[PDB]
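Chemist: One structure, as structure tokens, below. Some questions next.
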Amino acid sequence: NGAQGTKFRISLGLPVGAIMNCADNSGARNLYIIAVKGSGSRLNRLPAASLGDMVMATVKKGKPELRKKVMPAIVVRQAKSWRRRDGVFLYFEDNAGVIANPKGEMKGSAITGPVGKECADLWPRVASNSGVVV
Amino acid sequence: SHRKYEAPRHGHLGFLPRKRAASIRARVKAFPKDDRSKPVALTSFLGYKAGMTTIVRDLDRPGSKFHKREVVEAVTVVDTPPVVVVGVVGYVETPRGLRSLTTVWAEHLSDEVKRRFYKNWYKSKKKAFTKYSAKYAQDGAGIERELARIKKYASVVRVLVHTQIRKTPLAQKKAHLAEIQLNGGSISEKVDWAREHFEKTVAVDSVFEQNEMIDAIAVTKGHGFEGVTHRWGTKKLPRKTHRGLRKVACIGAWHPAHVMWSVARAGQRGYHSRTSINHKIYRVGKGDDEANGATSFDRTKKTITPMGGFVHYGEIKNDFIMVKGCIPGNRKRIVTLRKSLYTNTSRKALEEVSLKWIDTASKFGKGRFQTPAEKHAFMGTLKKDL
Amino acid sequence: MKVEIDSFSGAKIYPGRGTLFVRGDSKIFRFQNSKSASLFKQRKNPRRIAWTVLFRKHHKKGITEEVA
RNA sequence: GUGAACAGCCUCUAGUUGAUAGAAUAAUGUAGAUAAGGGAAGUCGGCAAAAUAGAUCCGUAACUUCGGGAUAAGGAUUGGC
RNA sequence: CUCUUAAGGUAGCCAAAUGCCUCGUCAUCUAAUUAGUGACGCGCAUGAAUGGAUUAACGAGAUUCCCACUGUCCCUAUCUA
RNA sequence: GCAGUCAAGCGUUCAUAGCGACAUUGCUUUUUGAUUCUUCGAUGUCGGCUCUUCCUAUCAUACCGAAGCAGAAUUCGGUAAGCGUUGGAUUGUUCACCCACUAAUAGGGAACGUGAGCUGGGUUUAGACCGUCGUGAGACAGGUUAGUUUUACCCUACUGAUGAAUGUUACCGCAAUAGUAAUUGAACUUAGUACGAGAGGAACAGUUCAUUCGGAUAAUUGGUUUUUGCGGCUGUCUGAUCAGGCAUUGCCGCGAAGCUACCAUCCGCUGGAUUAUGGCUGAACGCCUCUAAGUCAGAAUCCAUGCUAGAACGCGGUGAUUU
């Protein structure tokens, strides 16, 4: 919650366990996924995130005050390709997320790299700091 | 004993038994509810799946992110040469059901349906309807007798029609016959209309139009005896298992001392009759038109036929419908196309589509071109040429 | 609708008939197919790929048009 | 012959071509493999599988019975003419 | 200080392959640990060739973690004999 | 363990919104016991995995009622088991505890379901170590490590596949009966509205999406590769050259077709009767009263519609019927 609107189905590439780059300045390198936010249930199925999803996560490399705790994060880049309604199949090179309080505001002040339109339209405060987009 | 972690049932039980269908031509188990205050028209149609392609069109869904924006949807094509009417059938109501009392035929039936009435046509004397065609040789006393019997009785009326399979590129010299319900006023008018249309043809242009939602009835692609895992979506057992992993581990409890009907076993996958609803029509096209594959924006003169033809079917030299989405059955299967049995107001049935472009590039590979002229222009001259 | 081009030959791309890639800065690359997309990953040079445009038009091949 | 080599792989000499066969190519299997994104979340538990793997140059810690640890780690090169 | 009996666990060591209460308590590793490691040790019931402590090196020994790796797994699919 | 009763008291007042002492009547048999009827010429004896079904004493979703219910959130209770009820760290664990997502992370059964379904970590053979005990052999629900998991071709059951006998053969149908599947949430807007002193803070309708489940499809994207299809590369053999063989498919890139994926796409209906409950008229009882007669509405429920099969001994319609 805290996002401006909806999202379309989008292909999953980042289960729990996966690890992606903190593409912001807040002071972390990694972002360790532990849980997707929406994520209804199914036996021995893993909550998989996607682009533009909010999650809960931790750090494994970063500032010492920044590690060993939980906090919400958001995905912005996904190497696992997906499709938009315009038929295009696309994909980034990497898995990249950033940090935010639940409401949709970044802890970092800025961003390092391209971002998906979905996360842009869906998270404005990110969308403000957002440099180039797609 | 209280399954340690609850999860839902694998598979759907209301689509049982998943056995092989009795015929390739699926039965229509229901027709639209009749409104006897309108003209007489068919409620359904017969076509042949040619294949699939991809469609661009602009969206008209306000509130959506992609309103007034293009999208890329896939479509199935059904080649539908004109269907010819050869009979009229009358059903009266009983406490045991609607029961067929009689069926009247036309005077001159073609050698395609006559082929259907035989299993060996090349050796046979073809004496099927001779003594019937001779009943016509008078004024049709008994013929009008039967038609009048139908008028008197016969709560409902179905028309026997068949296909012009010779126009499709299949090698199936023997046509598909079918009963189609009439949903129009005045059973009298129905049978007179039918008599007028005996030996005569009927085209989809009169029956269907843009943006109408239909149901599709076909025979699913067959896959023979298949295992439980892909037939039901069962979890694979681990690697460490003795005696197979593509299996169900617990087939049942001790008591009831039986295997239940509801457990997943192995068996037939595919070749079921299935009825799929709410496929929108996007184009009603005509083989007379060389520009079937054209569009208001795509003023390039092109038929729907791709470069190299539709794979495993051939070319389209007849009329056709490209209908949204995916339809049961593989190419060459007889499909029964029924108009929907209910009034849709979803705004998905209410969204008038205007096509923008049609992919007519080869499906027998990664086609990059839509026409050989484009191909010749882009590439230039080859080692062969003039 | 637009017909973009392969980022490794210059070959045309109608919608859906290709994959897209975004590199880690912003540089977009449209590929018509896994073929060109894989050649890209193999760090390859269309000016050596005998059959691409970027080869054929380095080598002045087939044009016969600029002097017409 | 290759190659460090009686390794593995191909061949000359000599000996064999014999181990019931035929048609199909469904499931389940035995043996074998490859698979996007993720990367041990599985599992008792990384069992199995993958990865690395030769030669040359470089550099090579702790601790040590001072002999080792050590191919440590860890980086770079290999063709043809 | 005493009885007790022959003397009363010294050096050393630990919830350790020995500890019941036991998921012992503190710290640390973790998002989270009945796991591990390090520390405490009135230790049911440690202990000095019934060998104690430690120990380079070696271990198809047992155990934890990490990097890489991967169809073990999310999530299954395709192929060959 | 679970449900009731009476009401002393709490509940600021107020027994009974919610609770409820002293006492008291019951249910269940998933705890543990008591017994020892069965089995010792043998029923494979922890737990996990997978899979189906069932129960309600309902965690959530639906419709409700009550509240010390302003709103919100919460609590109590009814119909209801239709649909759902997770992911991981430690432990063999069941259990227990934590982290986190969630509408919710309710509990139980079926030979303490499920070993010719798996595993074999644990217990529970033989080996070995410690502690304690015993003179000693040896012992110890005290610890620790290593330790072969067999057979189905039979019967039934189930799954799917044939098929005789009906005058023959062919074509079109009916539909008894059996089964049934749709689910849940979020965003916008309503609306910072109502409500409230403010604090904060709704709902209905409508729109857009999503989750779980299911059914098809393969245009596109991806995967798969004995197309052994093209190319390339190593060793070696054919004198060379071209062309090719062998390397249990020689290996590598591409690799279409085909198959396939929530790793892609498309699709998932509407009418009635009903429960609870609220009411109508209105008696009994000259009044009252939703009730007795009678009656309206009314749930994710039921039956239908639609959906799958088509009774192989259920049937109809129609063509043809041999020098």
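Note that we place each Cβ from the backbone using ideal geometry, even for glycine, and neighbour counts take in every protein chain shown. Nothing in this text is a laboratory measurement; each read-out follows from the coordinates by a stated rule.
Chemist: Would it be correct to say that B:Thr234 is surrounded by 13 or more Cβ atoms within 10 Å (Cβ to Cβ), over 26 Å from the mean Cα position of the chain (by Cα) and in contact (Cβ under 8 Å) with a residue 40 or more places away in the chain?
Modeler: So B:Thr234 fits the description; yes.
Chemist: If you don't mind, there's one more thing I want to ask. In the stretch B:182-201, which residues are part of a helix (DSSP H, G or I), among the aliphatic types (A, V, I, L, M) and buried (at least 22 other Cβ atoms within 10 Å of the Cβ)?
Modeler: Of everything in the stretch B:182-201, those that are part of a helix (DSSP H, G or I), among the aliphatic types (A, V, I, L, M) and buried (at least 22 other Cβ atoms within 10 Å of the Cβ) turn out to be B:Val191, B:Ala194.
Chemist: Where residues in the stretch A:95-119 are surrounded by fewer than 17 Cβ atoms within 10 Å (Cβ to Cβ) and either away from every other protein chain (no Cβ under 12 Å) or within 16 Å of RNA strand E (Cβ to nearest atom) (or both), which of them is farthest from A:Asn21 (Cα to Cα)?
Modeler: A:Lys103
Chemist: Counting just the residues of the stretch B:239-252 that are on the phi < 0 side of the Ramachandran plot and loosely packed, with under 11 Cβ neighbours inside 10 Å, which one comes out farthest from RNA strand D (Cβ to nearest atom)?
Modeler: B:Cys250
Chemist: Restricting attention to the stretch B:73-89, does a residue exist that is away from every other protein chain (no Cβ under 14 Å), out of contact with any helix residue (DSSP H, G or I) (no Cβ under 9 Å at 6 or more places or on another chain), closer than 26 Å to B:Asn183 by Cα and surrounded by fewer than 16 Cβ atoms within 10 Å (Cβ to Cβ)?
Modeler: no
Residue by residue, here is whether (1) part of a loop (DSSP other than H, G, I, E, B); (2) within 13 Å of another protein chain (Cβ to nearest Cβ) holds:
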| residue | (1), (2) |
| --- | --- |
| B:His312 | yes, no |
| B:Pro328 | yes, no |
| B:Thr336 | no, no |
| B:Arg347 | yes, no |
| B:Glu351 | yes, no |
| B:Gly365 | yes, yes |
| B:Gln370 | yes, yes |
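Chemist: Away from RNA strand D (no atom under 16 Å from the Cβ), surrounded by 14 or more Cβ atoms within 10 Å (Cβ to Cβ), part of a loop (DSSP other than H, G, I, E, B) and hydrophobic (A, V, I, L, M, F, W, C), is that true of B:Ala291?
Modeler: In short, yes.
Chemist: Need the failing condition index for A:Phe89 against (1) within 23 Å of B:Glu70 (Cβ to Cβ); (2) under 10 Å from the mean Cα position of the chain (by Cα); (3) not small (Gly, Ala, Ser), just the number.
Modeler: Unmet for A:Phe89, out of (1) within 23 Å of B:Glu70 (Cβ to Cβ); (2) under 10 Å from the mean Cα position of the chain (by Cα); (3) not small (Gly, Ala, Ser): (2).
Chemist: Within the stretch A:62-83, how many residues turn out to be in a loop (DSSP other than H, G, I, E, B), within 13 Å of RNA strand D (Cβ to nearest atom) and surrounded by fewer than 23 Cβ atoms within 10 Å (Cβ to Cβ)?
Modeler: 3
Chemist: Which of the residues belonging to the stretch B:202-235 are near RNA strand D (Cβ under 8 Å from one of its atoms) and assigned to a loop (DSSP other than H, G, I, E, B)?
Modeler: Within the stretch B:202-235, B:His223, B:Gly224, B:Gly227 meet the criteria.
Chemist: Then there is this: Return the residues of the stretch B:45-84 that are within 19 Å of B:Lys174 (Cβ to Cβ) and not in a strand (DSSP E or B); say none if nothing qualifies.
Modeler: Answer for the stretch B:45-84, where residues must be within 19 Å of B:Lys174 (Cβ to Cβ) and not in a strand (DSSP E or B): B:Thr80, B:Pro81, B:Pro82.
Chemist: Being within 19 Å of B:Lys221 (Cα to Cα) and crowded, with 17+ Cβ neighbours inside 10 Å, is that true of even one residue in the stretch B:304-313?
Modeler: Yes - at least one qualifying residue is present in the stretch B:304-313.
Chemist: Take B:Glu189 and decide whether it is touching a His at 6+ places or on another chain (Cβ under 9 Å) and away from RNA strand F (no atom under 14 Å from the Cβ).
Modeler: Considered against the rule, which asks whether it is touching a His at 6+ places or on another chain (Cβ under 9 Å) and away from RNA strand F (no atom under 14 Å from the Cβ), B:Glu189 comes out as no.
Chemist: Still on this structure: Name every residue in the stretch A:38-54 that is more than 13 Å from RNA strand D (Cβ to nearest atom) and outside any loop (DSSP other than H, G, I, E, B), in order of residue number.
Modeler: Matches in the stretch A:38-54: A:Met54 only.
Chemist: OK, next. Can you tell me how many residues in the stretch A:9-37 are within 20 Å of A:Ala96 (Cβ to Cβ) and either in a loop (DSSP other than H, G, I, E, B) or away from RNA strand E (no atom under 15 Å from the Cβ) (or both)?
Modeler: Qualifying residue count for the region: 15.
Chemist: Can I ask one more? Which of (1) within 14 Å of another protein chain (Cβ to nearest Cβ); (2) free of Cβ contacts under 8 Å to residues at least 24 places away in the same chain is the odd one out, the single condition A:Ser128 does not satisfy?
Modeler: Of everything listed in (1) within 14 Å of another protein chain (Cβ to nearest Cβ); (2) free of Cβ contacts under 8 Å to residues at least 24 places away in the same chain, A:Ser128 misses just condition (1).
Chemist: Mind checking which helices (runs of 4 or more DSSP H) fall wholly inside the stretch B:113-178 and carry at least 2 residues that are more than 17 Å from B:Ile24 (Cβ to Cβ)?
Modeler: Where helices (runs of 4 or more DSSP H) fall fully within the stretch B:113-178 and carry at least 2 residues being more than 17 Å from B:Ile24 (Cβ to Cβ), they are B:130-133, B:141-152.
Chemist: If I go through the stretch C:15-36 residue by residue, how many of them are in a strand (DSSP E or B) and more than 7 Å from chain A (Cβ to nearest Cβ)?
Modeler: 4
Chemist: The conditions are (1) more than 27 Å from B:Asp58 (Cβ to Cβ); (2) buried (at least 17 other Cβ atoms within 10 Å of the Cβ); (3) within 14 Å of chain C (Cβ to nearest Cβ), and B:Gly380 fails exactly one of them. Which is it?
Modeler: Here B:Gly380 meets the rest and fails (2).
Chemist: Restricting attention to the stretch B:228-252, report how many residues are within 10 Å of RNA strand E (Cβ to nearest atom), over 23 Å from B:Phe15 (Cα atoms) and more than 14 Å from every other protein chain (Cβ to nearest Cβ).
Modeler: Within the stretch B:228-252, residues that are within 10 Å of RNA strand E (Cβ to nearest atom), over 23 Å from B:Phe15 (Cα atoms) and more than 14 Å from every other protein chain (Cβ to nearest Cβ) number 4.
Chemist: Could you check the stretch B:18-37 and list, in sequence order, the residues that are within 14 Å of B:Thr220 (Cα to Cα), away from RNA strand D (no atom under 16 Å from the Cβ) and exposed (fewer than 13 other Cβ atoms within 10 Å of the Cβ)?
Modeler: Those that are within 14 Å of B:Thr220 (Cα to Cα), away from RNA strand D (no atom under 16 Å from the Cβ) and exposed (fewer than 13 other Cβ atoms within 10 Å of the Cβ): B:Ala22, B:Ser23.
Chemist: Is it true that some residue in the stretch C:41-49 is more than 10 Å from chain A (Cβ to nearest Cβ), not in a loop (DSSP other than H, G, I, E, B) and not acidic (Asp, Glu)?
Modeler: yes
Chemist: Go over the candidates C:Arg23, C:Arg56, C:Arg47, C:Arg30 one by one and state the one that is in contact with a helix residue (DSSP H, G or I) (Cβ under 6 Å, 6 or more places away or on another chain), free of Cβ contacts under 8 Å to residues at least 40 places away in the same chain and either farther than 28 Å from B:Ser362 by Cα or of a type in the set (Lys, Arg) (or both).
Modeler: That would be C:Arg47, the only listed residue that is in contact with a helix residue (DSSP H, G or I) (Cβ under 6 Å, 6 or more places away or on another chain), free of Cβ contacts under 8 Å to residues at least 40 places away in the same chain and either farther than 28 Å from B:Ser362 by Cα or of a type in the set (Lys, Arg) (or both).
Chemist: Among the candidates A:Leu43, A:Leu122, single out the residue that is surrounded by 15 or more Cβ atoms within 10 Å (Cβ to Cβ) and either within 14 Å of chain B (Cβ to nearest Cβ) or not small (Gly, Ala, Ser) (or both).
Modeler: Only one candidate qualifies: A:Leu122.
Chemist: When A:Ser11 is evaluated against the numbered criteria (1) farther than 22 Å from A:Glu93 by Cβ; (2) within 6 Å of RNA strand F (Cβ to nearest atom); (3) under 14 Å from the mean Cα position of the chain (by Cα), which criterion, by number, is the only one it fails?
Modeler: (1)
Chemist: Checking B:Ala257 against (1) out of contact with any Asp or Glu (no Cβ under 9 Å at 6 or more places or on another chain); (2) among the aliphatic types (A, V, I, L, M); (3) in contact (Cβ under 8 Å) with a residue 12 or more places away in the chain: exactly one of these is not met. Which one?
Modeler: Failed condition: (3).
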